[PDB]
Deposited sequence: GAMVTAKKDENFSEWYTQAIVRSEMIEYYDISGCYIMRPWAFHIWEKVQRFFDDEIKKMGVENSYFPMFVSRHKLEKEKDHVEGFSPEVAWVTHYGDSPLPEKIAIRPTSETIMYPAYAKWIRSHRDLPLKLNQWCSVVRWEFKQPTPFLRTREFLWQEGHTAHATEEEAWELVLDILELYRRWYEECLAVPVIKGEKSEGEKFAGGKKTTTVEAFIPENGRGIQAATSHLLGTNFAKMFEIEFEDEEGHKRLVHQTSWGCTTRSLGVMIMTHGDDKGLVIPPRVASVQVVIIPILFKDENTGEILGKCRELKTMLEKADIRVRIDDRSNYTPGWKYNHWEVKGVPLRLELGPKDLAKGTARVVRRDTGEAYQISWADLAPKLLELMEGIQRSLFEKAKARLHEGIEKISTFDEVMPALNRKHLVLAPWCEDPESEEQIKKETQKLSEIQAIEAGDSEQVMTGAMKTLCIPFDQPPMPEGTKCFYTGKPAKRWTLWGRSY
């Protein structure tokens, strides 16, 4: 099914991968796509995880409206907003905006529900769709005009507590990516120019696509401080009587996560799905031809299914009579099912099953008896091993450097760069403009993050010459 090579035309391979796997169907409204069951079930897995996890922090789900009136919304973002002007042929008395994000919808309610210290912390989240008329090239999952996300918005008595929630959420994004999707990410802070301008400090969790050198933002979690509180009058009264503004966080993650998974683990044969989010972990394929024991094969397959299910192993028997076994191999292969269990006559009175692991192609003869624990063994190996190879690929792709003249060759090898920087407002804008100048002539490099994990700083700013403050990862991005 898949004929483009990941390492040759990466955009075509991507498109082939997501289409031939049946994850995505193309659509006539530019920048929008149909998520098919095979993609959708993966979303449900990660949604269920994060949701359970934030529930344990006392976050509660809600649903606020998708419309916001012009007046409330309009108290680089403006061009993106979709506006409803009519119902039927009738013009609205005033046009209304489809929500691009929900601060202006939720925060007036907050000012109202928060009167007393008794009322904090207020922690809410919502799963919804968001619409932005994106100017950049859209890409299925990574950047779409309608996407699905969660946005979580909290308010607290103290900077201390809100900040602690910020890091807690960021940890859960690392887990969404690293634990669920086996995609390695790097926690850090955003530069003053990349952060959410309505907040005090933006934390982020950053990913990398080796095949085009692009960094990509996996998720984000903001300490908002008191700015939105003053703007929206979210004041509260302490236990000593005084009238203080609240300290807020907000944080979101999207269907982009799926796109990043697909890009990280995919190969020339198509998708490869980490076991932890695969709706089919093991596919069973009865081998049938010239009528050899047709009934005996099928009967065992059902025994094995109930078997493996005793272990919470998600199993599907590909039982369908209208497709050949070779067809079934290719299908589940392109779909990225982690384990294929093949079973014909030879393996019937042999008491075994052949099992092929999607990541490497390695095959195992395994006795009916040893399967459940040996598949559990393998599924952990697949999952651990996808993450590990990816962390290695990520680290091969970051060059540590000290001087500006190292930049372009790193960027030409499609690598990020870790460099000491004075964290000056202008330097970043200058660096973008110049890296564009050089790329045009041969592409803008930006700040991706200031990582939490700072190496030792014995040192001059790699661009300005000034005294450098911290190590900052840069690159081309999405």
item	value
Coordinate gaps, deposited numbering	1-2, 78-83, 451-462, 479-480
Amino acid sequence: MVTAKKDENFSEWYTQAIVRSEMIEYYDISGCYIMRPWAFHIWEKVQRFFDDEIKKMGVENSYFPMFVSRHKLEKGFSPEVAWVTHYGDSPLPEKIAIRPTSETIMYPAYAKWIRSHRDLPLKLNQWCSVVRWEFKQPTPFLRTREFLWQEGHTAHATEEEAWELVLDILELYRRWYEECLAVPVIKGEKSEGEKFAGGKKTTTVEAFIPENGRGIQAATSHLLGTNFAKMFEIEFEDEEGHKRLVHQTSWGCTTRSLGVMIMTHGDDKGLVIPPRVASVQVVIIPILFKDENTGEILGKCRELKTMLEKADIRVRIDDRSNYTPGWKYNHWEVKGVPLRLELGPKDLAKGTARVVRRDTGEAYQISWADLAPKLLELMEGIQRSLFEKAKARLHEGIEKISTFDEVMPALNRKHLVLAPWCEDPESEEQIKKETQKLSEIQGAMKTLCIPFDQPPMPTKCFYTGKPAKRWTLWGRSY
From here on, numbers count along this sequence of modelled residues.
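In this text, the rigid core denotes the largest set of C-alpha atoms whose superposition between the two forms falls within 1.5 Å.
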query: Greater Cα displacement in 7 other deposited structures of this protein once the core is superposed, comparing 377-385 with 321-329; finding: 321-329
query: More variable segment, 228-236 or 94-102 [Cα RMS over structures in 7 other deposited structures of this protein, core-superposed]; finding: 94-102
query: Test item: residue 76 lacks coordinates in at least a third of other entries; finding: yes
query: 256-264 versus 188-196 - greater average Cα B-factor per the deposited record; finding: 188-196
query: Stretch with the higher entry mean CA B-factor, where the candidates are 5-13 and 18-26; finding: 5-13
query: Residue of maximum C-alpha B factor among 52, 60, 44, 440, per deposited coordinates; finding: 440
query: Selection by C-alpha B-factor (highest) of 79, 299, 91, 108; finding: 299
query: Where the record places residue 421 (Cα B-factor, split into thirds across the chain); finding: highest
query: Third of chain Cα B-factors occupied by residue 116; finding: highest
query: Ranked against its chain, the third holding the CA B-factor of residue 327; finding: middle
query: CA B-factor placement of residue 432, once the chain's modelled residues are sorted into thirds; finding: highest
query: Cα B factor band for residue 242 (lowest, middle or highest third within the chain); finding: highest
